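Residues per chain, in single letters:
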Amino acid sequence: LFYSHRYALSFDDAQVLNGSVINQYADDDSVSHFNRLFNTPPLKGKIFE
Amino acid sequence: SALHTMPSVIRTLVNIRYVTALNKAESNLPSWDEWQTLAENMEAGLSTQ
């Protein structure tokens, strides 16, 4: 919340920044954080990270 | 820097003897996977849109 208030960051972004890991498995009805960061779009092949 | 690509990638692009079965020095055409990797490396530094 503190980072969202000052740096104006998303909840997942601030959660990762404070020490948590990137959530690969989101609610899955839309793009997850991992896919938003490294799959927008995949270059030529499927991501393996 | 102007192409936003690595110097060895620039060297590989320059080293392409696009001779395609003689009439000049030699056919320095890369293999299929080499072409794919070179394309990935030279494209990796673009924007999102």
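Check the entry above for the structure.
Residues numbered from 1 in each chain as written, not as in the entry; some residues may be left out. Chains lettered and ligands numbered in written order. Part of a larger assembly, values for the part shown. Heavy atoms only, no water.

> Would you mind showing me how to read the pattern of salt bridges here?
A pair can form between side chains of opposite charge whenever their charged atoms are brought close. All told, the structure shown has 1 salt bridge over all chains when counted by the stated rule. Where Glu43(B) meets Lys44(A), a salt bridge forms, and the shortest distance between an N and an O atom there is 2.8 Å. With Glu43(B) in helix 2 (residues 32-43) and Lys44(A) in the segment after helix 3 (33-38), this pair bridges two chains. For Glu43(B), a relative accessible area of 27% puts it in the partly exposed group. Assessed through its relative accessible area of 42%, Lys44(A) is described here as partly exposed. (Salt bridge = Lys/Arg side-chain N within 4 Å of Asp/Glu carboxyl O. Helix = DSSP H or I, 4+ residues; strand = E, 2+ residues; numbered from the N terminus. Buried < 20%, exposed > 50% of the residue type's maximum accessible area, 1.4 Å probe, protein only.)

> I keep staring at the packing of aromatic side chains and nothing clicks. Help me out?
Residue and element names in this part refer to chain A. Evaluation of the coordinates by the stated rule reveals 3 aromatic pairs over all chains. Measuring from ring centre to ring centre gives 5.9 Å for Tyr3 and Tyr7, while their planes differ by 25°; the resulting arrangement is stacked. The class of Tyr7 is partly exposed, set by a relative accessible area of 47%. One aromatic cluster is present, formed by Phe2, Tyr3 and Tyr7 through successive ring pairs. (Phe/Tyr/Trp six-rings, centres within 6.5 Å; stacked < 30°, edge-to-face > 60°.)

> Where do I start with the environment of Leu43(A) in this structure?
Assignment of secondary structure puts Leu43(A) in the segment after helix 3. Sequence-distant contacts of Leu43(A), that is, excluding residues within four places in its chain, are made with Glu40(B) and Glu43(B). (Contact = heavy atoms within 4.5 Å.)

> Looking at this model, I keep getting lost on the packing of helix 1 (residues 7-14) of chain B against helix 2 of chain B. Mind explaining?
Residues and elements named next belong to chain B. Running from amino to carboxyl end, helix 1 crosses helix 2 at an angle of 130°, the nearest separation of the two axes being 10 Å. As judged from the angle between their axes, helix 1 and helix 2 are oblique. In this structure, the crossing between helix 1 and helix 2 has a hand that is left-handed. In this structure, helix 1 uses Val9, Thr12 and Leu13 to contact helix 2, whose residues at the interface are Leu38, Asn41 and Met42. Class assignment for the residues of the contact of helix 1 with helix 2 results in 4 nonpolar, 2 polar and no charged. (Axes fitted to C-alpha atoms, helices over the stretch in contact; angles between N-to-C directions. Parallel < 35°, antiparallel > 145°, perpendicular 65-115°, else oblique. Left-handed = near helix turned anticlockwise from the far one by under 90°. Nonpolar A, V, L, I, M, F, W, Y, C, P; charged D, E, K, R; others polar.)

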